[PDB]
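Take a look at this single chain in structure tokens; it is the form solved without the partner chain.
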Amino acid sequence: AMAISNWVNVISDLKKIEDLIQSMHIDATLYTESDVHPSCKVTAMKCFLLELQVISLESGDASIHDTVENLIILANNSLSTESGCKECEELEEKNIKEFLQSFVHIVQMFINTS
């Protein structure tokens, strides 16, 4: 075993969730920060994690839920601050494609390992 940021495994779960939702018809719009400021990346990560739970609840699918659960545990293992940041509900609502693309963008900021 060698040491690799947990966030690498988060991207692998996002890829998996994206693949799994492709069959289904999940049509929630979700709060999306597509341009995270480094000074607010914890606040932004927290929003992504919250909204990810909506994808799971609305899917009603065991595998999506397991994969969301695995992601959130990894991410919380990687967290635990910041000021002047937007609340989640101030963010644009975007479709699931755009949401997940932006999720990948920010997970990538945290591999640095920022």
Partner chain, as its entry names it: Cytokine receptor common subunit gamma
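Residue numbers count along the first chain shown, from 1.
Colleague: Does the deposited sequence hold unmodelled residues between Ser80 and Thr81, and if so, how many: none, 1 to 3, 4 to 9, or 10 or more?
Modeller: Gap between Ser80 and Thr81: 4 to 9 residues without coordinates.
Colleague: Quick check: 70 to 78 versus 45 to 53, which has the larger average CA B-factor in the record?
Modeller: According to the PDB entry, the answer is 70 to 78.
Colleague: Output the stretch having the higher mean C-alpha B factor in the entry; the candidates are 20 to 28 and 91 to 99.
Modeller: For C-alpha atoms only, the mean B-factor is higher in 20 to 28.
Colleague: Comparing against every modelled residue in the chain, figure out the third that the C-alpha B-factor of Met2 lands in (lowest, middle or highest).
Modeller: CA B-factor rank for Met2: highest third.
One more form of this protein should be noted, the form solved in complex with the partner chain, which is absent from this view; the next part is about it.
Colleague: Would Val36 show up as a contact with the partner chain in the deposited bound form if we use heavy atoms at 4.5 Å?
Modeller: Flag for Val36 set to yes.
Colleague: Output the sequence-ordered list of residues from 81 to 111 with at least one heavy atom within 4.5 Å of the partner chain in the deposited bound form.
Modeller: Contacting residues: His105, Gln108, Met109, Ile111.
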